[PDB]
Every structure is written in C-alpha cells, then in structure tokens.
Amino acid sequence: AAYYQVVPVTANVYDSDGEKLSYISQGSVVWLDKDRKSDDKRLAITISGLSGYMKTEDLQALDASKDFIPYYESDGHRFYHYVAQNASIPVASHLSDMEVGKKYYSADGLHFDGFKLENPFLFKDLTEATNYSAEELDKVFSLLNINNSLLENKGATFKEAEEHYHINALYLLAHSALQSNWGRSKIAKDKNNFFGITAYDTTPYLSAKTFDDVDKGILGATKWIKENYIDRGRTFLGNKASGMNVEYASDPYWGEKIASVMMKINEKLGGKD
C-alpha cells in the first residue's frame, strides 16, 4: 500500500541503525517511501518532514479511495491542512498556482509538486520577542470570539514571561491556545497547566504537572519550556524532523497547529510580526 495508519497509542520512527528518531500518535497516516528498501518487519516511511522506518507491527494499510488521508486544499483565500476528516487548519495564503477545491498531498506541508509554501512561524526562532504589546495580545480574545478563557487579560503576564525567559509571547499565547483550548481544558482549569506540561499520551490528565495559579502557570510553563527545549537547542516549532515537535508531542502536526494560531492572531492584530 502507499499509505499506512498508526495503530497503537504512539509508535516510534527509527533510522536505518534502529535508533529512535521520534514518535507519532495513534491514527497518524504515514507515506511509503519507494526510494528506500522496505521488508516484512520494517517499512521505509515519511511523516511530517521525517524519513525513517516503522515496524509493520505498529501499522495498518489504508485504501486512499475510501479511507481518510490528510490533504491540503485552498478556498481561494487560505490554504488549509485537513489533519483529520472533520478538522482543518489554515497554514498559508492562497497562491495563484493552487486550484480551488482540489486536494493536494505533501509529506512536509512545504513542498508540493507545483508550488512551495513558506510557513515562516513554523521555523521562526522562538527566542526573538513579539512586536505585540500586552494590550494588543489582550485584544485577540474579542477579535477571535474567545469566551470564558483563563488567559483573558493575561497579556501582561505573557509579556513578563517573554522579558524574563526570552521566549516569544505570541508563541506562548498560541501554544497555550492550542494545547489547552484557550485555557478552557480540564487540565487548564484543575491544574493551571495551559501548555500540556508532562501531559503524556498514556495518561494525559494524571501525568500533567500542577501549577499554583494562572500567573504561576504561565511563568512556570515558560520556565519549563526554556529549560527543557530552548536551552537544549529546540528553538522553533518545526515538525518530526527538527524543532520542538520532535519530542514535545506525538501529534505530527503539533508545530503546524501552533504556527497556524500564530498566523491567525498576527493577521487579526495587523501583521506586526
């Protein structure tokens, strides 16, 4: 088959030596790589920029004529990634080379047969500060109709976290928005944990770290990200080949999702970044 789906909760991706390169989530769809050798035990695959090997034990073959395969599609204004059958995210502006309503396929969301995307937020150095002020960040809640968020009116805390830890506050807002449903998930409300800190796939709620209050949750999560990712040379969102997404999340499109939120916020606030 050309496409395979991940069966267990997570599955590893390996190099030719059998060394672990990353891990990907249940239901993820990987492409068979016909330029490398597969055998009975391991398939040469590509996923979210990463070319490696997966155990056949962890995979189920798909039929693209009846099973969902992730794809990209333009509405004539934005290009969307269908990451699941009923969920899309905007990744880029429409390019004249895109046919509206045509499904496109890409192993990295950057290289397509007929055009190339820039996803600048996906590769932006997260140690560079946002050009948004605390007051501008606070405006996003009204502009994106975000109701009942624990993060409302916390722009000043995001900017303090940026000042102190040298981590982009637009990224911190977008990461908390995506990971905790704008500070409305049960982990957010119970644990003041807006960033999925130690929310492991096997037991996400139980494993998630606890913080004392909303401000200590924003500052403590920022500290944790700085010490565990930025200071260890993971300085951009990325994908399964490089960046924070290699280790931070099993979801192969975690980085693309956060970059999409950054893109949406930046457009609403006037394009300063």
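Residue indices: 1-based, along the sequence shown.
Annotation for 101-109 versus 178-186: the higher mean temperature factor (C-alpha) is found in 101-109. Once the C-alpha B-factors are averaged per stretch, 120-128 and 91-99 rank with 91-99 first.
By the numbers in the PDB entry, the CA B factor is greatest at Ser142 among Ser74, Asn168, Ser142, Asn86. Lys240: CA B factor in the lowest third of modelled residues in this chain (values from the PDB entry). Sort the chain's modelled residues by C-alpha temperature factor and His81 lands in the lowest third, per the entry. Sort the chain's modelled residues by C-alpha temperature factor and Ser48 lands in the lowest third, per the entry. Remark: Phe68 belongs to the middle third of its chain, ranked by C-alpha B-factor as recorded. Per the PDB record, residue ranking by Cα B-factor puts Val6 in the lowest third of the chain.
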